[PDB]
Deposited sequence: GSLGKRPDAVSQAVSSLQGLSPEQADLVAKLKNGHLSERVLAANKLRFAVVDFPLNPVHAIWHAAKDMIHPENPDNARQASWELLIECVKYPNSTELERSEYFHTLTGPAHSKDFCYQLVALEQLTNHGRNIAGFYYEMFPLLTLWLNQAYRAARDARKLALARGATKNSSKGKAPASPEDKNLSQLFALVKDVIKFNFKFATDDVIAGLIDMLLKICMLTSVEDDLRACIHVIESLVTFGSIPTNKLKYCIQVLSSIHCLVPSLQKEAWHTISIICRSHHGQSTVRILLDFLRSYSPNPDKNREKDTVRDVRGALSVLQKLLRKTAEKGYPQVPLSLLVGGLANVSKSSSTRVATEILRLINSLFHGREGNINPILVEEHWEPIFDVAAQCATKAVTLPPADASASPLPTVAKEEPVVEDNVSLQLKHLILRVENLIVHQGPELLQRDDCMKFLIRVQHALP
């Protein structure tokens, strides 16, 4: 357009205040002529984004650049130049614009041609930045609705999820290692549940559309097993993600890891450790109880009874009410859920001995959790004897157990 011709001249050559106004008008012009070439407009304006400029000029330029990247038929070399312009040194206050620019440049993560190999390291960088800035806002909120920093962080998580979905092949193994670490950090220290929901979805994405490297698995399982247990409002979300992982090549490794939380365990004099590992143990129980209802056909890995029980013994010593209650709740889901296949061909004394250990955790005037699970198990073990009888292999182990627990 001859009008657009003018504006660009002023955008390139005007005194700064003229450039700002041109920027604003072009932003309107571009909107009204999307098919028109934004390339020279880009170059005219890109310097105005520099952090040395005042707000009004960076801002009006960002808005113009944002409209420009939308242009459909950019070349790849042109997309590359936009990415480096929009992603590099920029004012802390402008992150929202960068986010949106990148989002629009990529079409919500779909197209990263021109910066195939730069995209993921950039996202990982921005995660650190974005999270850091949300946490601070939230600290100074507690000190002195969602903050702009909260909103920025959500939108970035959404972007990271989408880039994984559409373009995980351009993620190298080592950037993913980086990305995973960053998400788990945020998982274990964030005041906002939505960040956790968001990080779970990022991990879901990884597993759904790419892969978690073997050496990260323990940590994903740690973190997810913990959220699963400790953050009840996200239990379904975490289980979904854990299920995917379980039904995958990691299945075997995941079971092994989950048991390790039990088998690895060792009662530590340092209560920061004792709890660090207990944290892990309670989650493993939660996830195991859920896993153990699954079948090879459903695609889920089986668990060794011997190992499981080996793991369960260690744990039953420590702890009190709620943990003993969990140990039991697991065992109760094994005997009723029909008996679980894992224990049909098997000696039940070992398990019954653990069960009992959880029973260690509990004048006519003077008469004034775990207990809930025992009444559940007794009833079930009682029923198994009654309904099977001689056909039930393990009946004598059943019987010895009930004698322990009555008394």
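Task: Unmodelled ranges, which are counted on the deposited sequence from position 1 and given in order - done: No coordinates exist for the deposited residues in 1-20, 165-175, 369-371, 397-409, 416-421, 461-463, so these stretches are absent from the model.
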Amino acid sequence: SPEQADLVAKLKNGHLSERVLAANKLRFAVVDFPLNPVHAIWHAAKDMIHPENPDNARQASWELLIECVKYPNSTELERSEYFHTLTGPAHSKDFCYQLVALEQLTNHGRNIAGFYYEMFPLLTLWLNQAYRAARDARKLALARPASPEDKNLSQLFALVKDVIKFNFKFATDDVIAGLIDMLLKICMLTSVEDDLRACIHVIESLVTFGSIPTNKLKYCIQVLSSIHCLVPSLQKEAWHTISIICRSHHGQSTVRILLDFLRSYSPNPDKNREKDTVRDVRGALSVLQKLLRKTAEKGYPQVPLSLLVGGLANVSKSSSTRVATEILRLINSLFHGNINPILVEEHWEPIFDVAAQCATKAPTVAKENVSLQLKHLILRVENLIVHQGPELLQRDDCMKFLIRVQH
From here on, numbers count along this sequence of modelled residues.
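Open item on the list: Per the record, averaged over C-alpha atoms, which has the higher B-factor: 320-328 or 113-121?
Closed with: Comparing 113-121 with 320-328, the higher average CA B-factor belongs to 320-328.
Task: Residue stretch of maximal mean CA temperature factor, 103-111 vs 260-268 - done: Averaged over C-alpha atoms, the B-factors run higher in 260-268.
- [ ] Identify, among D181, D194, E297, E81, the residue whose C-alpha carries the highest B-factor in the deposited PDB entry.
- [x] That would be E297.
Task: Top residue by Cα temperature factor, when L372, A45, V69, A60 are compared in the entry - done: The record points to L372.
TODO: Could you tell me which third, lowest, middle or highest, the C-alpha B-factor of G210 occupies within its chain?
DONE: Ranked within chain, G210 CA B lands in the lowest tercile.
Open item on the list: How does the C-alpha B factor of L305 compare with the rest of the chain: lowest, middle or highest third?
Closed with: Middle third.
TODO: Ordered by C-alpha B-factor within the chain, which third holds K139? Give me lowest, middle or highest, please.
DONE: According to the entry, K139 has a C-alpha B-factor in the chain's highest third.
- [ ] State the tercile, meaning the lowest, middle or highest third, of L65 with respect to the CA B-factors recorded for its chain.
- [x] Lowest third.
Open item on the list: Please say which third, lowest, middle or highest, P363 falls into when its CA temperature factor is compared across its chain.
Closed with: CA B-factor rank for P363: highest third.
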